[PDB]
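> Provided herewith is a single structure, encoded as C-alpha cells, for subsequent inquiry.
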Amino acid sequence: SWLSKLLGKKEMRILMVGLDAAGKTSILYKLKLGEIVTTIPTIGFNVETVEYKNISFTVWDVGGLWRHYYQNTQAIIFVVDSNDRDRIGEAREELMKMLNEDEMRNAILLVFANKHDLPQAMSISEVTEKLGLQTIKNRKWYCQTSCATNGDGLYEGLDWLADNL
Amino acid sequence: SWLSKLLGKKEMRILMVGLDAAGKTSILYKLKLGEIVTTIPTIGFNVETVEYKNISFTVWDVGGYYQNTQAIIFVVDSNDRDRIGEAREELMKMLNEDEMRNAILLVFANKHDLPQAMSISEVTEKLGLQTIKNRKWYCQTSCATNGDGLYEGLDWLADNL
Ligand SMILES: Nc1nc2c(ncn2[C@@H]2O[C@H](COP(=O)(O)OP(=O)(O)O)[C@@H](O)[C@H]2O)c(=O)[nH]1
Ligand SMILES: Nc1nc2c(ncn2[C@@H]2O[C@H](COP(=O)(O)OP(=O)(O)O)[C@@H](O)[C@H]2O)c(=O)[nH]1
Ligand SMILES: [Mg+2]
Ligand SMILES: [Mg+2]
C-alpha cells in the first residue's frame with residue numbers, strides 16, 4: 001500500500017529521529033526494505049541508513065552538521081518511547097527544534113508512539129498532548145501507536161505518510 | 001599487513017564485544033573493511049557485522065555465534081572506572097564458554113586519548129587478565145577516534161592465530 005505510493009524515479013528521503021532507545025533501529029529492521037547500514041560522518045554521530053530503490057530512511061539519535069542530511073526531506077518520522085515518562089519533555093524539545101528547521105518546513109510529521117505493548121505506556125491522547133502536536137500549524141501531522149517488536153502500527157503509520165505527501 | 005595475513009581460503013571469524021559505549025562501532029568504522037550492517041536476530045539483541053572476503057567481524061554489547069570463533073576482541077572504555085568491574089565480569093563469563101576455549105583474546109583499552117584514562121597496567125589488573133591460563137592474550141591501548149593502536153592490536157591478532 002504505502003510501498004506503491006512512495007516508489008518512483010524521484011528520490012524519496014525520510015528522516016527518522018528520536019531520543020536514544022526510542023525504538024528507531026527496531027523499526028528500520030521491521031520494515032524489511034534491506035540492510036541497515038551505519039556510518040559515522042563525525043565521531044559520536046552514528047547514522048543508520050536503509051536505502052531501497054528511490055527510498056531512503058535516515059536515522060540518528062537526538063537529545064545528546066545535521067543540516068546536511070535535511071536536503072529534500074519529504075517526511076519526518078519522530079519516534080517516542082511511550083513508556084519513558086521522565087524524558088517526554090526532552091522529546092518534545094527535540095521535536096520542536098526539528099520543526100523549526102526551514103530546510104524541512106514542507107516535510108510532513110509522523111509520530112510513532114512506540115512501545116505501546118508496555119503496561120504503563122502513555123496513551124495516544126497523552127503522547128499527543130505532552131508532545132504539543134495540537135500546537136503545530138501549516139504542517140500535516142499524525143500520531144500513531146506502535147509496537148516495533150511485533151510491528152503493530154508501523155504500516156498504518158506509513159500508509160498515512162504515503163497518502164499525505 | 002594485518003589484513004593480508006587474515007586473507008585466504010579459510011573462514012576467519014572475529015568476535016568483538018564489550019559494554020555499551022566502549023567504542024566498538026567506532027572501531028569497526030575505523031577498520032575500513034566494508035559496510036557495517038545491523039541485524040536483530042532476537043528482540044533486544046542488536047548485532048553489527050562487517051564482512052570482507054573470508055573475514056567477518058561480529059559485534060554486540062554485553063552486560064547491562066560462538067561456532068568457529070578464532071579470536072575475541074574485548075573493548076573496554078579506559079576512562080570508565082565505575083564499569084570496569086562489570087567489563088571484567090562479562091569478559092570472564094565469555095572466556096568460560098566451552099565453544100570458544102580455542103579463541104585468542106585481544107583486549108583494546110580504548111579511549112586512551114582521554115587525560116583521566118586508566119593506564120594499561122591498571123586496565124590489565126582490573127580486568128584480571130593475568131589470571132587467564134591456557135589462552136593467548138594481549139592488551140593494547142587504542143583511540144578509536146584517530147586509529148592509534150588499532151593496527152598494532154590487529155597485527156598481534158593476525159600473527160597469533
Ligand atoms: N517492549 C518494547 N520494546 C521495544 C519496542 N521497540 C523497541 N524496543 C526495545 O527498546 C530497546 C531500544 O530499541 P532500539 O531499536 O535499539 O532503539 P533506538 O536507539 O532508538 O534505535 C531495544 O531493547 C528494543 O528491543 C516496543 O515497541 N516495545
Ligand atoms: N575520546 C574518545 N571517545 C571515543 C573513543 N572511541 C569511541 N569514543 C566515543 O564513545 C562513544 C561511544 O562509542 P561507540 O563506538 O558508539 O561505542 P559502542 O557502543 O561500543 O559501539 C561515542 O561518542 C564515541 O565518539 C576514543 O578512543 N576516544
Ligand atoms: Mg538505534
Ligand atoms: Mg555500538
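Letters for chains follow the order of the C-alpha cells (A, B, ...), residue numbers begin at 1 for each chain, and ligand numbers begin at 1 in the order shown.
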Write out as CSV a residue-level contact list of chain A versus ligand 2 with cut-off 12 Å: for each qualifying residue the closest pair of atoms and the distance in Å to one decimal, counting only C-alpha atoms and all ligand atoms, rows sorted by chain and residue number upward.


residue,atom,partner,partner_atom_place_in_ligand_line,distance
A:20,CA,ligand 2,16 (O),11.8
A:38,CA,ligand 2,16 (O),10.6
A:39,CA,ligand 2,15 (O),10.8
A:40,CA,ligand 2,15 (O),9.1
A:41,CA,ligand 2,25 (O),10.9
A:42,CA,ligand 2,25 (O),8.0
A:43,CA,ligand 2,25 (O),4.4
A:44,CA,ligand 2,25 (O),3.4
A:45,CA,ligand 2,23 (O),7.0
A:46,CA,ligand 2,16 (O),7.1
A:47,CA,ligand 2,16 (O),10.6
A:60,CA,ligand 2,16 (O),11.9
A:61,CA,ligand 2,16 (O),11.4
A:64,CA,ligand 2,23 (O),9.6

> Kindly save the residues from that selection, with N, CA, C and O atoms included, as a short mmCIF file (atom, residue, chain, number, x, y, z; two decimals), in the first residue's frame.


data_model
loop_
_atom_site.label_atom_id
_atom_site.label_comp_id
_atom_site.auth_asym_id
_atom_site.auth_seq_id
_atom_site.Cartn_x
_atom_site.Cartn_y
_atom_site.Cartn_z
N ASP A 20 17.59 8.42 22.21
CA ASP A 20 18.16 7.08 22.26
C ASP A 20 17.16 6.11 22.90
O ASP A 20 16.44 6.48 23.83
N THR A 38 25.33 1.43 9.01
CA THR A 38 25.77 2.50 9.90
C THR A 38 26.98 3.24 9.35
O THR A 38 27.98 2.61 9.02
N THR A 39 26.89 4.57 9.28
CA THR A 39 28.08 5.39 9.02
C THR A 39 28.37 6.32 10.19
O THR A 39 27.52 6.57 11.03
N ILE A 40 29.61 6.82 10.25
CA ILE A 40 29.98 7.79 11.26
C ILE A 40 30.64 9.00 10.59
O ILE A 40 31.84 9.05 10.41
N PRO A 41 29.83 9.98 10.17
CA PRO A 41 30.38 11.17 9.49
C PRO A 41 31.30 11.99 10.40
O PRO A 41 32.29 12.56 9.93
N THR A 42 30.98 12.05 11.68
CA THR A 42 31.96 12.52 12.66
C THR A 42 31.84 11.67 13.92
O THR A 42 30.79 11.06 14.17
N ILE A 43 32.91 11.60 14.70
CA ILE A 43 32.93 10.72 15.85
C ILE A 43 31.84 11.16 16.84
O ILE A 43 31.65 12.36 17.10
N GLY A 44 31.09 10.18 17.33
CA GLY A 44 29.99 10.44 18.24
C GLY A 44 28.67 10.65 17.53
O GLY A 44 27.64 10.81 18.19
N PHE A 45 28.69 10.64 16.20
CA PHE A 45 27.48 10.87 15.40
C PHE A 45 27.20 9.66 14.53
O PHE A 45 27.68 9.59 13.39
N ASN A 46 26.44 8.70 15.05
CA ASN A 46 26.16 7.47 14.32
C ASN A 46 24.87 7.60 13.51
O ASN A 46 23.82 7.90 14.07
N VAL A 47 24.97 7.34 12.21
CA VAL A 47 23.84 7.44 11.28
C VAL A 47 23.54 6.08 10.71
O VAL A 47 24.46 5.39 10.24
N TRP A 60 19.05 8.88 13.15
CA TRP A 60 20.02 9.13 14.23
C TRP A 60 19.32 9.54 15.54
O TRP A 60 18.13 9.88 15.55
N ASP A 61 20.07 9.45 16.64
CA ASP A 61 19.58 9.84 17.97
C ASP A 61 19.63 11.36 18.14
O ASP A 61 20.57 12.00 17.68
N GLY A 64 21.32 14.40 22.62
CA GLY A 64 22.63 14.18 23.21
C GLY A 64 23.24 15.43 23.82
O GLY A 64 23.37 16.46 23.15
#

> Run DSSP on the backbone of this structure and report the residues of range 2-45 of chain A it assigns to helix (DSSP H, G or I), as a list in words.

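Matching residues, listed in order: residues 2, 3, 4, 5, 6, 24, 25, 26, 27, 28, 29, 30 and 31 of chain A.
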
> For the structure I just gave you, how does DSSP split chain A - specifically, which residues are strand (DSSP E or B)? Reply as a PyMOL selection string.

chain A and resi 12-18+36-42+45-52+55-61+73-81+108-114+141-145+147+152

> Take the residues just selected and output them with N, CA and C atoms as a compact mmCIF listing (two decimals), in the first residue's frame.


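Output file result-v3.txt follows:
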# COMPACT_ATOMS: atom_id res chain seq x y z
N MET A 12 13.05 9.81 -2.62
CA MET A 12 12.13 9.96 -1.52
C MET A 12 12.94 9.84 -0.24
N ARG A 13 13.19 10.97 0.43
CA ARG A 13 14.04 10.99 1.63
C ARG A 13 13.24 11.19 2.92
N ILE A 14 13.38 10.23 3.82
CA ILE A 14 12.66 10.26 5.07
C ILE A 14 13.65 10.33 6.23
N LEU A 15 13.41 11.25 7.15
CA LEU A 15 14.24 11.37 8.35
C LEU A 15 13.52 10.76 9.54
N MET A 16 14.13 9.77 10.17
CA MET A 16 13.52 9.21 11.37
C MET A 16 14.44 9.46 12.56
N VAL A 17 13.99 10.26 13.52
CA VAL A 17 14.81 10.57 14.68
C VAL A 17 13.97 10.41 15.94
N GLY A 18 14.63 10.59 17.08
CA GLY A 18 14.05 10.45 18.39
C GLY A 18 15.16 10.21 19.42
N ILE A 36 20.42 -2.43 7.13
CA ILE A 36 20.66 -1.24 7.93
C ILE A 36 22.14 -0.98 7.91
N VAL A 37 22.55 0.15 7.37
CA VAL A 37 23.97 0.47 7.26
C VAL A 37 24.30 1.61 8.19
N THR A 38 25.33 1.43 9.01
CA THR A 38 25.77 2.50 9.90
C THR A 38 26.98 3.24 9.35
N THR A 39 26.89 4.57 9.28
CA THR A 39 28.08 5.39 9.02
C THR A 39 28.37 6.32 10.19
N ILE A 40 29.61 6.82 10.25
CA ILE A 40 29.98 7.79 11.26
C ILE A 40 30.64 9.00 10.59
N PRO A 41 29.83 9.98 10.17
CA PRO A 41 30.38 11.17 9.49
C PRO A 41 31.30 11.99 10.40
N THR A 42 30.98 12.05 11.68
CA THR A 42 31.96 12.52 12.66
C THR A 42 31.84 11.67 13.92
N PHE A 45 28.69 10.64 16.20
CA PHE A 45 27.48 10.87 15.40
C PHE A 45 27.20 9.66 14.53
N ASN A 46 26.44 8.70 15.05
CA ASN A 46 26.16 7.47 14.32
C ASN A 46 24.87 7.60 13.51
N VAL A 47 24.97 7.34 12.21
CA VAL A 47 23.84 7.44 11.28
C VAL A 47 23.54 6.08 10.71
N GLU A 48 22.28 5.67 10.79
CA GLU A 48 21.83 4.41 10.19
C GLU A 48 20.98 4.74 8.99
N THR A 49 21.21 4.04 7.89
CA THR A 49 20.52 4.28 6.62
C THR A 49 19.94 2.99 6.07
N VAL A 50 18.71 3.04 5.56
CA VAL A 50 18.17 1.93 4.78
C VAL A 50 17.82 2.55 3.45
N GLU A 51 18.32 1.98 2.36
CA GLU A 51 18.04 2.51 1.04
C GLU A 51 17.41 1.44 0.17
N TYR A 52 16.21 1.71 -0.32
CA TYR A 52 15.53 0.75 -1.14
C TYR A 52 14.96 1.50 -2.33
N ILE A 55 13.87 5.11 -2.29
CA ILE A 55 13.51 5.49 -0.93
C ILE A 55 14.69 5.37 0.01
N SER A 56 14.93 6.44 0.76
CA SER A 56 15.94 6.44 1.81
C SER A 56 15.31 6.79 3.15
N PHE A 57 15.62 5.97 4.15
CA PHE A 57 15.35 6.26 5.55
C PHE A 57 16.67 6.62 6.20
N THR A 58 16.73 7.77 6.84
CA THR A 58 17.96 8.18 7.55
C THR A 58 17.66 8.35 9.02
N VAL A 59 18.44 7.66 9.87
CA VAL A 59 18.15 7.60 11.29
C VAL A 59 19.33 8.05 12.14
N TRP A 60 19.05 8.88 13.15
CA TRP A 60 20.02 9.13 14.23
C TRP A 60 19.32 9.54 15.54
N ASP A 61 20.07 9.45 16.64
CA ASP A 61 19.58 9.84 17.97
C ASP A 61 19.63 11.36 18.14
N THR A 73 14.15 16.47 2.26
CA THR A 73 13.42 15.60 3.16
C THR A 73 11.93 15.83 2.97
N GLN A 74 11.16 14.76 2.78
CA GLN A 74 9.73 14.91 2.49
C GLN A 74 8.87 14.53 3.70
N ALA A 75 9.48 13.81 4.63
CA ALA A 75 8.79 13.38 5.83
C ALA A 75 9.76 13.25 7.00
N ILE A 76 9.27 13.60 8.18
CA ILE A 76 9.97 13.35 9.42
C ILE A 76 9.16 12.30 10.14
N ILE A 77 9.80 11.20 10.51
CA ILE A 77 9.22 10.29 11.48
C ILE A 77 9.90 10.59 12.82
N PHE A 78 9.12 10.95 13.83
CA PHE A 78 9.69 11.15 15.17
C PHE A 78 9.22 10.00 16.05
N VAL A 79 10.15 9.18 16.53
CA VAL A 79 9.78 8.01 17.34
C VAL A 79 9.91 8.36 18.81
N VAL A 80 8.89 8.06 19.62
CA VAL A 80 9.00 8.28 21.07
C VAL A 80 8.70 7.00 21.82
N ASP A 81 9.45 6.77 22.89
CA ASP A 81 9.14 5.72 23.84
C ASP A 81 7.95 6.16 24.71
N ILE A 108 6.12 16.51 6.11
CA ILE A 108 5.02 16.13 6.96
C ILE A 108 5.59 15.39 8.17
N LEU A 109 4.82 15.38 9.26
CA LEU A 109 5.26 14.77 10.53
C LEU A 109 4.46 13.53 10.89
N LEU A 110 5.14 12.39 11.00
CA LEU A 110 4.55 11.19 11.58
C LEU A 110 5.19 10.93 12.94
N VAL A 111 4.37 10.86 13.97
CA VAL A 111 4.86 10.49 15.29
C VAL A 111 4.47 9.05 15.60
N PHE A 112 5.47 8.17 15.82
CA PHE A 112 5.18 6.85 16.35
C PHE A 112 5.23 6.89 17.88
N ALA A 113 4.10 6.63 18.53
CA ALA A 113 4.11 6.44 19.98
C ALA A 113 4.40 4.95 20.25
N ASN A 114 5.68 4.64 20.42
CA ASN A 114 6.17 3.27 20.32
C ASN A 114 6.21 2.63 21.70
N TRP A 141 0.27 16.51 10.40
CA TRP A 141 0.88 15.60 11.35
C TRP A 141 -0.09 14.49 11.69
N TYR A 142 0.47 13.38 12.17
CA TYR A 142 -0.31 12.24 12.59
C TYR A 142 0.45 11.56 13.71
N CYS A 143 -0.26 11.07 14.72
CA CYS A 143 0.41 10.31 15.77
C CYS A 143 -0.20 8.92 15.82
N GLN A 144 0.66 7.92 15.77
CA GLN A 144 0.26 6.54 15.55
C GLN A 144 0.89 5.63 16.61
N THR A 145 0.08 4.80 17.27
CA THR A 145 0.63 3.88 18.27
C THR A 145 1.34 2.72 17.57
N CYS A 147 4.08 -0.95 18.17
CA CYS A 147 4.97 -1.84 18.89
C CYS A 147 6.00 -2.33 17.88
N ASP A 152 3.14 -4.11 15.06
CA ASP A 152 1.83 -3.47 15.15
C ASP A 152 1.97 -1.96 15.02

> Name each residue within 8 Å of ligand 1, counting only C-alpha atoms and all ligand atoms, as a ChimeraX atom specification.

/A:17-27,60-61,79,81,114-118,146-151 /B:43-46

> Take the residues from that selection and write them out as a short mmCIF file (atom, residue, chain, number, x, y, z; two decimals), in the first residue's frame, keeping N, CA, C and O atoms.


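Wrote part-v4.cif, looks like this:
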data_model
loop_
_atom_site.label_atom_id
_atom_site.label_comp_id
_atom_site.auth_asym_id
_atom_site.auth_seq_id
_atom_site.Cartn_x
_atom_site.Cartn_y
_atom_site.Cartn_z
N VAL A 17 13.99 10.26 13.52
CA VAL A 17 14.81 10.57 14.68
C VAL A 17 13.97 10.41 15.94
O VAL A 17 12.78 10.14 15.87
N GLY A 18 14.63 10.59 17.08
CA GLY A 18 14.05 10.45 18.39
C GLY A 18 15.16 10.21 19.42
O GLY A 18 16.33 10.08 19.06
N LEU A 19 14.80 10.16 20.69
CA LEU A 19 15.84 10.03 21.73
C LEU A 19 16.43 8.64 21.60
O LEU A 19 15.84 7.77 20.94
N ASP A 20 17.59 8.42 22.21
CA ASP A 20 18.16 7.08 22.26
C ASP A 20 17.16 6.11 22.90
O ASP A 20 16.44 6.48 23.83
N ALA A 21 17.09 4.90 22.36
CA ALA A 21 16.31 3.79 22.88
C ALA A 21 14.81 3.99 22.67
O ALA A 21 14.00 3.33 23.31
N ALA A 22 14.45 4.88 21.75
CA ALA A 22 13.03 5.03 21.41
C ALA A 22 12.51 3.82 20.60
O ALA A 22 11.32 3.52 20.65
N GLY A 23 13.38 3.14 19.85
CA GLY A 23 12.95 2.02 19.02
C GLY A 23 13.18 2.19 17.52
O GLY A 23 12.60 1.45 16.70
N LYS A 24 14.05 3.13 17.17
CA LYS A 24 14.24 3.53 15.77
C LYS A 24 14.91 2.44 14.94
O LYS A 24 14.45 2.11 13.84
N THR A 25 15.97 1.85 15.48
CA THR A 25 16.62 0.73 14.82
C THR A 25 15.67 -0.46 14.65
O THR A 25 15.64 -1.09 13.60
N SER A 26 14.92 -0.77 15.70
CA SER A 26 13.94 -1.84 15.66
C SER A 26 12.90 -1.60 14.58
O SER A 26 12.49 -2.53 13.89
N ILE A 27 12.48 -0.35 14.42
CA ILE A 27 11.55 -0.04 13.35
C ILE A 27 12.15 -0.27 11.95
O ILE A 27 11.54 -0.94 11.13
N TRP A 60 19.05 8.88 13.15
CA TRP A 60 20.02 9.13 14.23
C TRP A 60 19.32 9.54 15.54
O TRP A 60 18.13 9.88 15.55
N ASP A 61 20.07 9.45 16.64
CA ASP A 61 19.58 9.84 17.97
C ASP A 61 19.63 11.36 18.14
O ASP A 61 20.57 12.00 17.68
N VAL A 79 10.15 9.18 16.53
CA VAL A 79 9.78 8.01 17.34
C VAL A 79 9.91 8.36 18.81
O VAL A 79 10.93 8.89 19.23
N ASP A 81 9.45 6.77 22.89
CA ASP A 81 9.14 5.72 23.84
C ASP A 81 7.95 6.16 24.71
O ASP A 81 8.09 7.02 25.60
N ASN A 114 5.68 4.64 20.42
CA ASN A 114 6.17 3.27 20.32
C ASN A 114 6.21 2.63 21.70
O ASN A 114 6.07 3.32 22.69
N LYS A 115 6.39 1.32 21.74
CA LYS A 115 6.34 0.52 22.95
C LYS A 115 4.95 0.59 23.57
O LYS A 115 4.81 0.68 24.79
N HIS A 116 3.93 0.54 22.71
CA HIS A 116 2.53 0.57 23.13
C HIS A 116 2.16 -0.69 23.91
O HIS A 116 1.13 -0.73 24.58
N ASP A 117 2.98 -1.73 23.81
CA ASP A 117 2.71 -3.01 24.49
C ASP A 117 2.97 -2.95 25.99
O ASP A 117 2.60 -3.85 26.74
N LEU A 118 3.63 -1.89 26.44
CA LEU A 118 4.13 -1.84 27.81
C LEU A 118 3.03 -1.39 28.76
O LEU A 118 2.29 -0.46 28.46
N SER A 146 2.45 2.27 18.14
CA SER A 146 3.23 1.20 17.52
C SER A 146 3.87 0.30 18.56
O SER A 146 4.15 0.73 19.67
N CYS A 147 4.08 -0.95 18.17
CA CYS A 147 4.97 -1.84 18.89
C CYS A 147 6.00 -2.33 17.88
O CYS A 147 5.70 -3.14 17.00
N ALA A 148 7.22 -1.83 18.01
CA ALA A 148 8.24 -2.08 17.00
C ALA A 148 8.75 -3.51 17.03
O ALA A 148 9.47 -3.93 16.14
N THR A 149 8.38 -4.26 18.06
CA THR A 149 8.92 -5.60 18.20
C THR A 149 8.02 -6.64 17.52
O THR A 149 8.51 -7.68 17.08
N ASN A 150 6.73 -6.35 17.39
CA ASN A 150 5.89 -7.23 16.59
C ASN A 150 5.45 -6.52 15.31
O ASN A 150 4.90 -7.14 14.41
N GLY A 151 5.67 -5.21 15.24
CA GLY A 151 5.34 -4.45 14.06
C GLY A 151 3.94 -3.86 14.02
O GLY A 151 3.58 -3.19 13.05
N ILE B 43 14.70 -10.22 19.72
CA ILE B 43 14.26 -8.95 20.27
C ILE B 43 15.21 -8.40 21.34
O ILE B 43 15.42 -9.02 22.38
N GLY B 44 15.78 -7.23 21.07
CA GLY B 44 16.65 -6.57 22.03
C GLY B 44 18.12 -6.84 21.80
O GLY B 44 18.98 -6.21 22.42
N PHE B 45 18.42 -7.77 20.90
CA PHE B 45 19.80 -8.17 20.61
C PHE B 45 20.24 -7.60 19.26
O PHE B 45 19.95 -8.19 18.22
N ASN B 46 20.92 -6.46 19.29
CA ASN B 46 21.41 -5.82 18.06
C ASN B 46 22.80 -6.32 17.72
O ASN B 46 23.69 -6.27 18.56
#

> Could you please extract the residues within 7 Å of ligand 4, counting only C-alpha atoms and all ligand atoms, and hand them back as a list in words?

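If we count only C-alpha atoms and all ligand atoms, the neighbours of ligand 4 turn out to be residues 20, 21, 23, 24 and 25 of chain B.
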
> Those residues with N, CA and C atoms, as a PDB file, in the first residue's frame please?


ATOM      1  N   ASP B  20      28.218  -1.387  26.385  1.00  0.00           N
ATOM      2  CA  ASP B  20      27.789  -0.313  25.517  1.00  0.00           C
ATOM      3  C   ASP B  20      28.670   0.909  25.814  1.00  0.00           C
ATOM      4  N   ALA B  21      28.943   1.664  24.754  1.00  0.00           N
ATOM      5  CA  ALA B  21      29.727   2.910  24.787  1.00  0.00           C
ATOM      6  C   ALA B  21      31.247   2.717  24.940  1.00  0.00           C
ATOM      7  N   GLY B  23      33.249   1.792  22.584  1.00  0.00           N
ATOM      8  CA  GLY B  23      33.892   2.249  21.362  1.00  0.00           C
ATOM      9  C   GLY B  23      33.908   1.254  20.203  1.00  0.00           C
ATOM     10  N   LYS B  24      33.077   0.233  20.279  1.00  0.00           N
ATOM     11  CA  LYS B  24      33.144  -0.873  19.311  1.00  0.00           C
ATOM     12  C   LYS B  24      32.705  -0.464  17.890  1.00  0.00           C
ATOM     13  N   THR B  25      31.614   0.284  17.763  1.00  0.00           N
ATOM     14  CA  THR B  25      31.140   0.685  16.437  1.00  0.00           C
ATOM     15  C   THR B  25      32.194   1.585  15.794  1.00  0.00           C
TER      16      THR B  25
END

> Can you check which residues of chain B have any atom within 7 Å of chain A? Use only C-alpha atoms and format it as a VMD selection string.

chain B and resid 35 to 38 43 145

> So the first atom is CA of residue 102 in chain B and the second is CA of residue 65 in chain B; what is the distance between them in Å, to one decimal place?

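Going from CA of residue 102 in chain B over to CA of residue 65 in chain B, I get 14.4 Å.
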
> Find the residues around residue 84 in chain B up to 12 Å (only C-alpha atoms counted), leave out those fewer than 2 positions away in its own chain, and share them as a VMD selection string.

chain B and resid 18 to 20 22 63 74 to 82 86 to 91 109 to 110 117 to 118 122 to 128

> Nearest to ligand 3: which of B:47, B:17, B:142, B:58 is it, counting only C-alpha atoms and all ligand atoms?

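The closest residue to ligand 3 is B:47.
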
> Figure out the distance between CA of residue 154 in chain A and CA of residue 32 in chain A, please, to one decimal in Å.

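Answer for the CA of residue 32 in chain A to CA of residue 154 in chain A separation: 11.8 Å.
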
> Return the single residue from B:95, B:59, B:40, B:28 that is closest to residue 131 in chain B, with distances computed using only C-alpha atoms.

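Ranked by minimum distance to residue 131 in chain B, first place goes to B:95.
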
> From the set B:130, B:56, B:39, B:4, which residue has the shortest atom-to-atom contact distance to ligand 3, counting only C-alpha atoms and all ligand atoms?

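Distance minimum relative to ligand 3 lands on B:39.
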
> Using only C-alpha atoms and all ligand atoms, which residue out of B:149, B:2, B:48, B:132 lies closest to ligand 3?

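Counting only C-alpha atoms and all ligand atoms, the residue closest to ligand 3 is B:48.
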
> Would you mind reading off the distance between CA of residue 150 in chain B and CA of residue 10 in chain B, one decimal, in Å?

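Those two atoms sit 23.2 Å apart.
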
> Counting only C-alpha atoms and all ligand atoms, which residue out of A:70, A:99, A:31, A:62 sits closest to ligand 3?

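Checking each of A:70, A:99, A:31, A:62 against ligand 3, counting only C-alpha atoms and all ligand atoms, the winner is A:62.
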
> As a ChimeraX atom specification, please: the residues near residue 97 in chain B (cut-off 12 Å, only C-alpha atoms, same-chain neighbours under 3 positions excluded).

/B:65-67,69,72,90-94,100-103
